[PDB]
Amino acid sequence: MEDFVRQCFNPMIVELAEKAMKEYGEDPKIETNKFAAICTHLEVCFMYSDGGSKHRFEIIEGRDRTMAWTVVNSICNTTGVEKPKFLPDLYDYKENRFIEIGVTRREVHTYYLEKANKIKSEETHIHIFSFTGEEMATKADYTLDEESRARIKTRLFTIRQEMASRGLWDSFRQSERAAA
């Protein structure tokens, strides 16, 4: 499993996963499912930011916690936007709002209401992707164009197929159900 992760994602993502893992106190060699999930969340987040005009998105995910909070504060103190209570993943300079990306292995609408009640924000936008090509967003506003969202969708599934081609998909979808 660990070997798969390291040859499936790019070193830059892999390294960023390992960092966040050790911060929480988690061993990337023992909890290899959480390893793969973080790598995935990262990738999805980067492809999502890619998706706008050059200066559009601010990437909050992947940074160091302290530095990430400093970024948020800078936005709130400049746009007027209400400060969130938990760390989002992006900010949209076009739609004047924060974004939270999720990647789940259970239902889009199940994961949505777990994240929304956790943030309790009438301003932070939400967007959930699935390993089955499904998506849900606050007020059904999906931010990006069809082509962009479809690419991430495609990719997520390619990983889903890839794990299953080694018999790691069952264990991976079970582990998220084992977490909640």
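From 1 onward, residues are counted along the sequence shown.
Comparing 115-123 with 145-153, the higher mean C-alpha B-factor in the PDB entry belongs to 115-123. As listed in the deposited structure, the average C-alpha B-factor of 126-134 and of 37-45 is greater for 126-134. In the deposited entry, the Cα temperature factor of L16 places it in the lowest third of its chain's modelled residues. Among the modelled residues of its chain, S171 has a C-alpha B-factor that falls in the highest third according to the deposited record. Looking at the C-alpha B-factors along this chain, the one for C8 belongs to the lowest third. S165 sits in the highest third of its chain by CA B factor, as recorded in the PDB entry. Compared with the other modelled residues of the chain, the Cα B-factor recorded for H55 ranks in the middle third.
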